Each structure stands twice: as C-alpha cells, then as structure tokens.
Amino acid sequence: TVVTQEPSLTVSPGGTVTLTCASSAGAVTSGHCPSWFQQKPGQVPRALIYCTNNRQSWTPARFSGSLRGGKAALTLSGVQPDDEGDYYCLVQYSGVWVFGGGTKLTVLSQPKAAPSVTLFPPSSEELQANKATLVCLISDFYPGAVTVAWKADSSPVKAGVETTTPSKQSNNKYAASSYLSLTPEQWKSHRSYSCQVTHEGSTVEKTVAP
Amino acid sequence: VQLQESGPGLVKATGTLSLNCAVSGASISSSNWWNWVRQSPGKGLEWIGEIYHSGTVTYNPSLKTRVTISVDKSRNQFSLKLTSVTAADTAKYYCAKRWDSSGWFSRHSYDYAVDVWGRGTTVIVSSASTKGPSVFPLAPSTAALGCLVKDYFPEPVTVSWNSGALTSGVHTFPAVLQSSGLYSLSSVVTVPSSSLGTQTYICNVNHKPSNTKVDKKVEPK
C-alpha cells in the first residue's frame, strides 16, 4: 500500500496550489483519516489538517483539505513566502499509518535556472590506489529539485550511486552532488560513463572516458 | 504536553538503537497513542509504530521483526528499540502523540492524527570510530578543478585553496553520507585557463575530529 504525492510543485506569492495524495489500494475515504503535515526547512513536522478537513488551532485559514476523485487534497490559497517547505500526507490502513513521499513546495522568488554540471573521472592517483570514483557536481539550479541518473556506456547504473539532496547556495540557487564508486577494472571495462541530471523535465548530460 | 526524546546518537552497525521519550504535562496512562517516526537526512518521513498504555502496539510492517515499542508508567516514558541496525537506520527519530477518542468505555478510533511532536534526536549508525579522509585531485581538462575528500567520519571537514589565499570562485559541496556510514565531499574552484600553466593550486583539507591535515596539489593532467 503506497501513498503517492507530487514530488515538487512551484507557485508564486499570492498564488494558490493544490497538493494531492493517492493510495495504491484504491480510493481514499474519510475512514483512512487522511492528514497533512508541513515541514519547513530544519523544523519538526507540523500537523496542519487531520481527518480530511479538520484544522488544528495553529493552522492558518489559507490551508484547506478535501477529498477529490478518490484522492485527498490540500489547497493553499494566497501563498506566502514562509509557506515554502515539504508537505506530507498520512493515511491509515487497519491501524498502520503510512506517509506519502512528500511534496517539495517552492514559492517562486527568482527566475528558473537550469543546473550546470561538471563530471570528473577517477584521478590517476585514485586509480593507482586501486580505487575509482566518478564525481558529478551540480550547481546553480532553481527550484531545488533534481533527479540524477548514471550510465555505464549506454546502460543504466544503480549500484554504487550515492547522491546528496539539494542544498541552498549563497545566491539562493541550489547545489547537489552524485558519486559513483566502481572498481578500476569496471572503469577500464567501458568506453565511457555519463551523469544525467534532470531538472524541470529537461536533462543535462556529461560524459567522461578512460 | 511536551515530549523530549533521548538516546545515544552513535550506534555501531548490527547493534541495537534504544531511544526514550519523556512525557510531561500528561500521564502515559491517558487516552493517547505514543508514536515513533523517523526521517533519513534529506528523505521523507517514515512511520515506525505506536503503542497504547495497555500495551496494544502496531508497527510499520517493513520493520516488524526488528522493532519493539514499550511503555514505562513508572517513569512516565515510552521507548523504542531497534535491533540489527545498519547505516540505513541513520535518521532523525521523533516521538509524537495522537489522541484516542473513545466515547465508549473501551473503543479505539482513528479520529485524530499525531498532533504533538518532540524536537527529535539524530542517530547515526556507523562502524567507523574516527576515520581520516583520502584526498584525490580532480584535474582540469576558464577551467574547473577540484579535490575529492573521500570516506571520513565523523562529519566536520573543511577545505581551503592555496591556504586561503584563493578566496574567489571556490565552491565546496555538502557531503554525502554513503551506505558504508562514511562521508565524502568535493570542493571545486574555477580559474582562468591561461593560468593553469604558471599558477599552482593546492587544496588544504582539515578533518577536525582526527586532526588530519592534507595538502594536495592539483595539476593539469
């Protein structure tokens, strides 16, 4: 039973946005007690709406909950900059509470910017230490949501990949990095490796070769 | 009604993580469900389980075999125990409370969600005591060059370039925590391409916990 939410949404100050929450088991009903939690950067989660549409006393009147088309919905009207953060829905199934994966809500504060990507191959010194790391550095993107894929030659790589979550730079754009660990033999087995970075539906690719 | 979690902070791999939540402003014997939730750094919220003062417990089925929640009326606390812990269990752990509305003498309902949280406590699961990083040059091929600081623990590493004489165009990235329970990070500097032939670039890496200090020249390979 998986709970699906949009990965990331954007909206302008004074705008309105609706988050939804869907269940893999079927329609979300009032009996599933669908509830909504706000997590601002660095803070504890905060219940905003419980049991479909009940507010807590600290919930701003801008926030409202509903059930729409077998999905739970959280609408924010008159968005204010401080509403930026991650929103999680929560439902229950026969006693087991399940969080959705969360939606990152950006309140737009500057032009959208595609990432710049730099990919470094393993260095001579690391290879000679019988090790190998590819390093993909991703900077200056906005909003701060990105997906990173690796290819060994043309074939997707899963194992050995570790990636950071985007962190805010000084200039309020975002940075992230992704590392692919492999053996010197694997590195020399292939004619190239690539790092693929997807931002707002667009993909940037960098490629390096032994 | 305030919740305060406590517990070690560092747990060795394959060990047991034990946390306590102290409850104030309400008895544990009240009509509340005492919850545990965690969050891996930068990932989403994951429910762990909840317990009623009578002992009735429910766990996330994904953790069922490893997890034990308990109540201690004698200290007005409840507890979380997680066995066979791996790096995947590094997270912020939160305790939380949800009300149980029972108009009946003995009814359990789901008419309220968790509405009070503790501040949370961070637990890192790693086998390493204190490990200094390996430092490798990332050669240029303006131009970008950098240094990779690989597999250190615990967290605090700082990097400078030419002993701090280079203050412009430096970008040091936050570290990744690997599945091995070690960190790595990189630092990159952008410089004129016509300078690579005459100017020397050295990244200085300081790992405060181990007092390690490494200088790596980065040359155009």
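Chain naming here is simple, since letters A, B, ... match the order of the sequence lines and numbering starts at 1 in each. The figures that follow rest on heavy atoms only: side chains count, while hydrogens, waters and symmetry mates do not.
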Give a yes/no on whether the SG-to-SG distance for B:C95 versus B:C21 is below 2.5 Å.
yes
Quick check on A:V44 against chain B: is it the side chain, the backbone, both or neither that has a heavy atom closer than 4.5 Å?
both
Going through the checks in order, is the ring-ring contact (aromatic ring centres under 6.0 Å, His included) test met by B:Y183 and B:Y152?
CA-CA 5 Å; B:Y183 298 88; B:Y152 62 93; 5.7 Å; yes
Shorter than 4.5 Å, heavy atoms on both sides: which option in A:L137, A:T164, A:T163 has the most such pairs with chain B?
A:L137
Presence of salt bridge, B:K97 and B:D115, under 4.0 angstrom:
yes
For residues A:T198 and A:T203, is any side-chain donor paired with an opposing acceptor at under 3.5 Å?
yes
Could you look at A:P122 and say if it's the side chain, the backbone, both or neither that has a heavy atom under 4.5 Å from chain B?
neither
Test ring-ring contact (aromatic ring centres under 6.0 Å, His included), reference B:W33, set B:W99, B:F78, B:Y52, B:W47, output is B:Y52
Which portion of A:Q39 sits near chain B, non-hydrogen atoms under 4.5 angstrom
side chain
Interchain contact, B:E46 with chain A, by part (heavy-atom threshold 4.5 Å):
backbone
Chain A heavy atoms under 4.5 Å from B:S179: which part of the residue, side chain, backbone, both or neither?
both
Pair A:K40 + A:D86: basic N to acidic O under 4.0 Å
no
Turns out that what part of A:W58 lies under 4.5 Å from chain B's heavy atoms comes down to side chain
If one checks every heavy atom of B:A175 against chain A at 4.5 Å, the contacting part turns out to be backbone
Name the region of A:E125, side chain, backbone, both or neither, that has any atom closer than 4.5 Å to a heavy atom of chain B.
both
Does the side chain of A:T20 come under 3.5 Å of the side chain of A:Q5 through a donor N or O and an acceptor N or O?
no
Quick check for you: among A:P45, A:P121, A:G100, which has the greatest number of heavy-atom pairs under 4.5 Å with chain B?
A:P45
Considering only heavy atoms, which portion of B:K92 lies under 4.5 Å from any heavy atom of chain A: side chain, backbone, both, or neither?
neither
Check each atom of A:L48 against the heavy atoms of chain B and say whether the ones under 4.5 Å are side chain, backbone, both or neither.
neither
Could you tell me which portion of A:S181 (side chain, backbone, both or neither) has an atom closer than 4.5 angstrom to a non-hydrogen atom of chain B?
side chain
Under 4.5 Å to a heavy atom of chain A? For B:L45 that would be both
Under the disulfide (SG to SG under 2.5 Å) criterion, do B:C147 and B:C203 qualify, and how do the steps go?
CA-CA 7 Å; B:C147 284; B:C203 72; 2.0 Å; yes
Can you tell me which portion of B:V188 sits under 4.5 Å from chain A's heavy atoms? Options are side chain, backbone, both or neither.
side chain
To the nearest 0.5 Å, tell me how far A:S167 OG sits from A:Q169 CD.
7.0 Å
Would you mind checking if A:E200 and A:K112 are paired as a salt bridge, meaning a charged N to carboxylate O distance below 4.0 Å?
yes
